[PDB]
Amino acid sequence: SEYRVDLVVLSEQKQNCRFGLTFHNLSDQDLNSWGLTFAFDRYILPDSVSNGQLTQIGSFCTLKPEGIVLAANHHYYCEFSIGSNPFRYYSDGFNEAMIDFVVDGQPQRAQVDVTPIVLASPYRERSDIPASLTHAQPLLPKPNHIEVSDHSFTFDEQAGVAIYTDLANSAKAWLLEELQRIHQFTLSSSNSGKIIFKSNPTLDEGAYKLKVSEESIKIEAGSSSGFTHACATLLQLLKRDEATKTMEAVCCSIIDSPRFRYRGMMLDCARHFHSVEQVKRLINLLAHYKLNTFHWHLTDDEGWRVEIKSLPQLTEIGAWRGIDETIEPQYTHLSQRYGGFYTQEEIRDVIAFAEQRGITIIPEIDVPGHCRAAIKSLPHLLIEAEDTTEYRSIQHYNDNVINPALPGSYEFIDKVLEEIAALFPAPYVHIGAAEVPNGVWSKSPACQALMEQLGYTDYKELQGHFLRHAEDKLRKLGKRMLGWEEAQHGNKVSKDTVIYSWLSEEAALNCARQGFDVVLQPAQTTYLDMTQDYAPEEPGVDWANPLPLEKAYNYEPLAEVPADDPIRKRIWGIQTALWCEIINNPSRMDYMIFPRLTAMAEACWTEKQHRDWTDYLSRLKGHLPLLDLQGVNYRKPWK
């Protein structure tokens, strides 16, 4: 509280915002050779800074004042501008701030209090959730066919679990595990049990049958995944009485199968590191809503989270950022050394944990862009001293793109991919393949040489060169390559590369028609980092737009496509993603993920005909006490 910085919006016009920064020395003694540092997500226009010199590396901004001295009880004021529509949220302000100064002959540092930004144009409107009845069967996702009867089945801890297929072993263990964890309710193996797992080979992958009778529960499935799905439904269907030590399930016949094969969630671990325990906790939660894929975003500009034993610098340098680290801090934790990584022993532990819930893990290694952390960890391999090329990434980096003319770039990727491929049993690896900043490599001697050797005229074609290498390496390693939206354009990758389409549904279907299998993860409606309401106090970002629960539920993928259309074979399925630029703890993560995850699950699992916003809300209301028992800090829809 000695130091405070106030940010105020001064003017908002077409694609321009001007700000007033006022720094207050509230200490009793002067500041000499002082400098201000803060975290800001927007590109500050350098020609707009009015009283100082501002440097910006990603989110990390340092403002050097004009004068060497600011007196005690005095204020320093500086203006800047950005290219932006009006700020709507307080999170659009500075996340954190600090100062550096010299007391006598020694350098010092102090945290600065960041006042919430004074917004000019917050939203007046608010998303409204209607009052809702509690549905008796609070099932998310809603099964594609369920029929109910008046009678119900009551059973105690000695009902016994009978299993007549080795296919149901995994799912059975998980059911018993969760019943213990959540409800403290212990079930045991019994050849003569009332709860029965039975094989039915006529049922397709993921499909199951759940019949509850007055004195038994019978589960039927053709696959291990089907049995898990049935167990997820069962966990939601059960009601426990506290006065007794019993469980109840309404009599019903459930016949159910997944609408899409791929049903995914992606967690950004590069921007902020989340613990193994947090990842495990989330993975288990994903299985409750019958998702089958966890996409682990392990690498980006702001962190490298996966141990590569042959290149230990990637974790030793690249898993940490800070003032005293090589990599500058980003977003939060400006004052300390921030970071973390997953060891390969831990990663194997998470893989096996995921496997027990039917979750496949897909790893992502980002090239050629989004590679700042790698580059700073391996300057000897990855930097070209001679290259003077001036570029800027969409995330305000000028030094974060891999060089396809350096042999060390190929050494690095080959070693990383070898160790990732060996470590991750899923036959897939995601490579990023985001479009590089325009102009990149254009003044690189090594690239200019490679361009003449290759016979290319445009430096953008070097992305394909590097990416075709990565695809072939992965092929020899037994893996199919996955990439983001922009990989499809130019000739960069084969038609074997699975494209994760974020742009739009029509662009995705356009990609399918070119021969690529595609995953649907549109930014307009699947990005859980988006704010959940128009209130300025809501945490999140809104660059795509706000994503209130209703907009999330309205997402009906392939609604206009006919059922007999052959393009449906190109559609692997759907993913929802949590980017973590401003999400650095479990509590916030839960708040942003839930409840919208349940709407995303229903989009991947349930057919549009059984989808209904009113019905969904009743089922969600009935589901909330189960999330309460688990201590999930979801955003309360009824306030």
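The numbering used is simple: start at 1 and walk along the sequence shown.
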{"item": "Residue stretch of maximal mean CA temperature factor, 43 to 51 vs 587 to 595", "value": "43 to 51"}
{"item": "Which of 163 to 171 and 518 to 526 has higher mean CA B factor, as the PDB entry lists it", "value": "163 to 171"}
{"item": "Top Cα B factor in the deposited entry, candidates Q111, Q395, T360, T531", "value": "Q111"}
{"item": "Candidate set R88, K194, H333, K290 [ranked by C-alpha B-factor, highest]", "value": "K194"}
{"item": "Ranked against its chain, the third holding the CA B-factor of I582", "value": "lowest"}
{"item": "B-factor third for the C-alpha atom of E147 within its chain", "value": "highest"}
{"item": "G408, C-alpha B-factor rank within chain (lowest, middle or highest third)", "value": "highest"}
{"item": "Entry-reported Cα temperature factor of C61, expressed as the chain third it lands in", "value": "lowest"}
{"item": "Among modelled residues of the same chain, the CA temperature factor third for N16", "value": "lowest"}
